[PDB]
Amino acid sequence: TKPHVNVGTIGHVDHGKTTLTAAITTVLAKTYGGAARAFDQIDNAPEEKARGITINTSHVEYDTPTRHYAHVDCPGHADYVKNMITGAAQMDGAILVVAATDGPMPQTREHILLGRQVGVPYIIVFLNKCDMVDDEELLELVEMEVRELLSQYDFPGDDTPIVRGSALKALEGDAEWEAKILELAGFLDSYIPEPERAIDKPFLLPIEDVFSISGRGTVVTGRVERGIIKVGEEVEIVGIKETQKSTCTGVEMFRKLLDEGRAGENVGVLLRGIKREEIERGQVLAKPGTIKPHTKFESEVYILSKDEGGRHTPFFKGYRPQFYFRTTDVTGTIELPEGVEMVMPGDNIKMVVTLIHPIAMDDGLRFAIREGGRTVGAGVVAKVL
């Protein structure tokens, strides 16, 4: 029906993220329709687990006239680290809450940095607790600080919408402040562009399996992540070895022959001129020249704690774990940031990885870190090298 957008509140503890979330649901419900949620519901964050990693996360939903929002909110800075690196949803945009009284604080900076590292494309600022501040000059100063901070991490500080509001007053029914929640909603609508639907993006299919079908040749199977592959189209085979070219000479689903395969569908793609031996675990079919193989990259990683089922001991420079991208492990070596000799269970670090075989990747690609099958960490490619 409507574009689905992933958003969430970020910023320092006690600046009013949870209150703002409650106020957004409430104000949009009574204006546009929906179900209002209350501070104490959202504040009481349920614990969720995905492959060992425990995160206290609250999920709410709200609607504007044109868009539907899945909105994430977390109690602790520890959860934001985990959620941003390894969480289910990747954010299309974040709302940075900064309390007008305090101004920018350490976690304000950390979340902006993390935002950049994990590829959070857009940030909008809600300048909160403006009911506690009457001197307009001070609001301007706090705003300028935030704009500066955002620019430091390559966000367009000068151009980022900043809304002067009060989450509490708006949650309590003050129409004058509820108007500011609506201004924020407008910026979500207007400033975060409509998310590209997978079908519209360049074709990509991670290869899960391979067969030689009698009287046709080599078929590669998987789910179409993005785009459309049609019979006759050229495709590249990227990863593990030098990229290969071929033509799609068929798309099968179960027993039905199709002229194309679309994002979301599990299909078998027949490849002209390609042997079964020329297909390796970890490769993707891609629209020619739309995704490149890389061996070395910069990453933000979270290392599982003892409790989460991770390592007991810490690792050092000479650590060579399995890096799980899409379908398969690939061994790699690491380089740690200056003045770091060690990494403990539960730490998160910037980490430069060098893979032994290349993998098709762009910035934003998620991965797990494994030791003989068992997940010991998780991460996201921050910059390809």
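Start at 1 with the first residue shown and count on from there.
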| request: Output the stretch having the higher mean C-alpha B factor in the entry; the candidates are 301-309 and 107-115. | output: 301-309
| Selected stretch [higher average CA B-factor]: 317-325 or 46-54 | 46-54
| query | For the listed residues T160, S190, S166, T86, which one has the largest C-alpha B-factor as given in the deposited model? | reply | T86
| said: Highest Cα temperature factor in the entry, among the options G268, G289, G239, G186: which one is it? | reply: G289
| field | Entry-reported Cα temperature factor of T375, expressed as the chain third it lands in | value | highest
| In terms of the chain's CA B-factor thirds, is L385 lowest, middle or highest? | highest
| query | If you rank every modelled residue in this chain by C-alpha B factor, which third holds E178: lowest, middle or highest? | reply | lowest
| field | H357 - Cα temperature factor, lowest/middle/highest third of chain | value | highest
| task | Quick one: classify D209 as lowest, middle or highest third of the chain based on its Cα B-factor. | result | lowest
